[PDB]
Ligand SMILES: [Ca+2]
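Chains as they are written, first to last, in the deposited numbering: chain F, 242 to 337; chain A, 50 to 97.
Encoded structure:
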C-alpha cells in the first residue's frame, strides 16, 4: 500500500466505484462497504482519476463532482465524506 | 356435495407453500420471486 509500490506496480487508472445502496445492503454490509470504499480510495494517487457513484433503482453520484476528478488529497477527502453518508433504501437495478 | 373439498384443501396447501417460500427483505427491497408471488395472491383470493 505504499505510494512507491503502487506507482511501480501498475499504470495510471480511470477508476469508477459503483456502490450498491439498495435496501438489502442495510446493516453490517453497508458499514463494511463504506470502510472498503475508503480503503480503496486510500490506494489512489494524483495520476489516477476517480469518481464514486451509487444506485438503487436509480443511479446518481454520491457528491458534487459528477465526473472523474484528479483524486488528489482534497478530492479524495470529499469523496470519503460523501461516502460516509449513504443509506440503504430501495430496489436493486444493475442495468441502470 | 362433490369431492370439491379436496380441491380446496390442495389449494390451501398451495397457498401455505407460497407463503413459506416468500423471502422477507429489508428496506423495501424485493426479488423476482417475491414479485411473482404477489401476483399469485390474486389467484388464491379469487378462488377463495
Ligand atoms: Ca439488493
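Think of the CB as a built atom: it goes at the ideal place given N, C-alpha and C, for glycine as much as any other residue.
Let's test the definition: count the other Cβ atoms within 10 Å of the Cβ of residue 316 of chain F and tell me whether it reaches 16, buried, or not, exposed.
As a first step, residue 316 of chain F must be located in the first chain, where it is residue number 75. Residue 316 of chain F counts as buried, since no fewer than 16 other beta carbons sit within 10 angstroms of its beta carbon.
Between the C-alpha atoms of residue 269 of chain F and residue 328 of chain F, what's the straight-line distance to the nearest angstrom?
If you number the first chain from 1, residue 269 of chain F lands on position 28. If you number the first chain from 1, residue 328 of chain F lands on position 87. Counting only the Cα atoms, residue 328 of chain F lies some 12 angstroms from residue 269 of chain F.
For ligand 1, which residues have a Cβ under 7 angstroms from at least one heavy atom, in chain order?
Selection output, chain order preserved: F/261, F/263, F/264, F/265, F/266, F/333, A/78.
Unbroken alpha helix (DSSP H) run spanning residue 274 of chain F, endpoints
Along the first chain, read from residue 1 onward, the residue named residue 274 of chain F stands at position 33. Counting along the chain, residue 274 of chain F sits inside the alpha helix (DSSP H) bounded by residues 269-282.
Have a look at residue 59 of chain A and residue 66 of chain A and give me their C-alpha separation to the nearest angstrom.
Residue mapping note: residue 59 of chain A aligns to position 10 of the second chain, counting from 1. Residue mapping note: residue 66 of chain A aligns to position 17 of the second chain, counting from 1. The straight-line gap from Cα to Cα measures roughly 11 angstroms.
Based on DSSP bridge pairs, tell me the residues matched to residue 291 of chain F.
The residue given as residue 291 of chain F occupies position 50 in the first chain. Its beta-bridge partners are F/256, F/310.
Please state if the CB of residue 262 of chain F and the CB of residue 296 of chain F are separated by a distance shorter than 8 angstroms.
As a working mapping, residue 296 of chain F is identified with position 55 in the first chain. As a working mapping, residue 262 of chain F is identified with position 21 in the first chain. The answer is yes: Cβ separation under 8 angstroms.
Buried versus exposed, by CB contacts within 10 Å (16 or more), residue 331 of chain F:
Residue 331 of chain F sits at position 90 when you count from the first residue of the first chain. Counting Cβ neighbours within 10 Å, residue 331 of chain F comes out buried, since at least 16 surround it.
Quick one: give me the first and last residue of the beta strand (DSSP E) that residue 300 of chain F is part of.
Numbered from its first residue, the first chain carries residue 300 of chain F at position 59. It spans 300-302 - the beta strand (DSSP E) in which residue 300 of chain F sits, taken as one unbroken run.
Return the chain-ordered list of same chain residues with a C-beta closer than 8 angstroms to the C-beta of residue 250 of chain F, the five sequence neighbours on each side being excluded.
Indexing the first chain from 1 puts residue 250 of chain F at position 9. Closer than 8 angstroms at the Cβ level, and outside the excluded window around residue 250 of chain F, lies no residue.
Is there a C-beta anywhere in chain F that falls below 8 angstroms from the one on residue 90 of chain A?
Indexing the second chain from 1 puts residue 90 of chain A at position 41. When Cβ-Cβ separations below 8 angstroms define contact, residue 90 of chain A makes no contact with chain F.
Going by DSSP, name the residue or residues bridged to residue 261 of chain F.
The residue given as residue 261 of chain F occupies position 20 in the first chain. In DSSP, residue 261 of chain F forms a bridge with F/296.
With respect to 7 angstroms, is the separation between the Cβ of residue 277 of chain F and the closest non-hydrogen atom of ligand 3 below this value?
Ligand 3 is not among the ligands present in this structure, which contains only ligand 1.
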